[PDB]
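Presented below, as structure tokens, is a lone chain in the form deposited in one PDB entry.
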């Protein structure tokens, strides 16, 4: 019983019982990597939460469902979406978590143009979370604007660890073709054993998003694009002229074709460009209901 074995394994990691008993008023607010995301009210407290529901029978790699619940279950960090509980409901795994009322970064990078103070602020937060995460040996593996959620007061949180993986002192690196094509590191598309460095490349691609409004090759079909990324040199900004030398210098320590030469999260935190980072209040005017 393959399906049933997965259920039983999951029942060993999730909190027991039916969460529908204590949740009111479900409202769908998105699609995730592995399932859909709703918000609901906690009947007792009146609080709002977000709920990620993943169907066990609808997964390409069902084993990936252990990632968030095993790897992220206890995690806490100012810049990482906080998980509250997990449950098994019918054939679905549910993750109950913090609701980020500000929506995703994607909506901002496709509707406005961020200044450099705001860009560095997003970059600072993400890198802070990546430094701690990469230290514990957790690779996100799907960094992009969709994975960046905001609070009402413009605070930034890393999200959707549905594709994450674990590396250790005994086994660092993965050989897995995971992520979103346009944002994938070259050594990953080249099927090479890769480590945490693939997140830094991806953050670089997200910088291009914040500057150009889209990633490189975004018009090409995903299979073709991955090849162009695999074959060509580090991509160039369509708006290099709107960008300061500092941001360029920053970006250039991220889009290194050589993973060994690519900068690290811990390194990038000390970079001068991040001195431009503004307070979370600087982000607020970019959000939809304010613009």
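In this text, rigid core is short for the largest set of C-alphas that superpose within 1.5 Å between two forms. Residues that one form lacks are left out of the comparison. Positions refer to the first chain, counted from 1.
Legend: mean Cα B-factor per stretch from the PDB entry, 68-76 versus 198-206; the higher mean is in 68-76.
Just going by the entry, 270-278 versus 5-13 on mean CA temperature factor gives the higher value to 270-278. Set against one another, the Cα B-factors of 154, 186, 103, 162 in the record reach their highest point at 186. Taking the deposited Cα B-factors for 192, 120, 158, 88, the highest one is held by 192. Placement of the Cα temperature factor of residue 179 within the chain: middle third of the modelled residues, per the deposited record. In the deposited entry, the Cα temperature factor of residue 144 places it in the lowest third of its chain's modelled residues. Residue-level temperature factors show residue 170 in the highest third of its chain, judged at the C-alpha atom. In this PDB entry, residue 33 carries a Cα temperature factor that places it within the highest third of its chain's modelled residues.
Looking at the C-alpha B-factors along this chain, the one for residue 135 belongs to the highest third.
Not pictured, yet referred to below: the form solved in complex with a partner chain.
In plain terms, the part of the chain that comes close to its partner chain in the entry with it bound, with a heavy atom within 4.5 Å, is 141-149 out of 141-149, 125-133, 112-120, 195-203. None of 81, 72, 178, 96 but one reaches within 4.5 angstroms of its partner chain in the entry with it bound through a heavy atom, and that residue is 178. With the partner removed from view, the residue among 156, 108, 184, 208 that has a non-hydrogen atom within 4.5 Å of its partner chain in the entry with it bound turns out to be 184.
For the chain shown alone, residue 45 is not a contact residue for its partner chain in the entry with it bound, no non-hydrogen atom being within 4.5 angstroms. In the entry with it bound, its partner chain sits within 4.5 Å of a heavy atom of residue 60. In the entry with it bound, residue 87 stays away from its partner chain, with no heavy atom inside 4.5 Å.
Annotation: the position in 72, 150, 165, 96 displaced by at least 2 Å at CA between this form and the one not shown, with the core superposed, corresponds to 72. Pairwise change in the entry with it bound: residue 74 and residue 25 C-alpha atoms lie farther apart than in the shown form, at least 3 Å. Every Cα shifting by 2 Å or more, across three or more consecutive residues, marks a moved region; comparing between this form and the one not shown on the rigid core, the sole such region is 70-75.
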